[PDB]
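In the form deposited in one PDB entry, a lone chain appears below as structure tokens.
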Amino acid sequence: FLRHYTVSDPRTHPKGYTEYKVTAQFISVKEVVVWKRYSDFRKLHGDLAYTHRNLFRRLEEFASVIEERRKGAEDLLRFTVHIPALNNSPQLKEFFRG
């Protein structure tokens, strides 16, 4: 009961792409870990933006660049913690497979 995210420990995969460790922690510690490539965060972001765009349009009807990537993903994730519209998002909850 108090969410905290980190994105860390990038690691190359045998298939070539870099993978990140996404850590979700809950403290009054329960932690959930998944591995994600930057393209996953891109899809997530896109799904959030389109979900809220359409919510809106429905209401109104009636090579250290990967550090930049790691930080971007992490920031984006942190952004949702204290916005219940984003925090409670289904897309967010599916994002954590394992």
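Superpose the two forms; the largest set of C-alphas matching within 1.5 Å is the rigid core. In case it trips you up, residue 1 is the first one in the sequence shown, and so on. Shifts are known only where both forms have a C-alpha.
Gap between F62 and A63: 10 or more deposited residues without coordinates. The stretch of deposited sequence separating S28 from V29 contains 4 to 9 residues lacking coordinates in this entry.
Of the two segments examined, 31 to 39 and 63 to 71, it is 63 to 71 that shows the higher average Cα temperature factor in the deposited entry. For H45, the recorded CA temperature factor ranks within the lowest third of the chain's modelled residues. Residue-level temperature factors show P84 in the lowest third of its chain, judged at the C-alpha atom. Ranked within its chain, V7 lands in the lowest third, by CA B factor from the PDB record.
Beyond what is shown, the protein has a form deposited in another entry; the following relates to that form.
Comparing the forms between the shown form and the other one, the C-alpha position of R53 differs by 2 angstroms or more, with the core used for superposition. Put simply, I83 and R53 come closer in that other deposited form: their C-alpha atoms are 3 Å or more nearer than in the form shown. Relative to the shown form, the CA atoms of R42 and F56 are pushed 3 Å or more farther apart in that other deposited form.
Segment displaced between the shown form and the other one is 49 to 62 alone (run of at least 3 consecutive residues, each Cα moved 2 Å or more after rigid core superposition).
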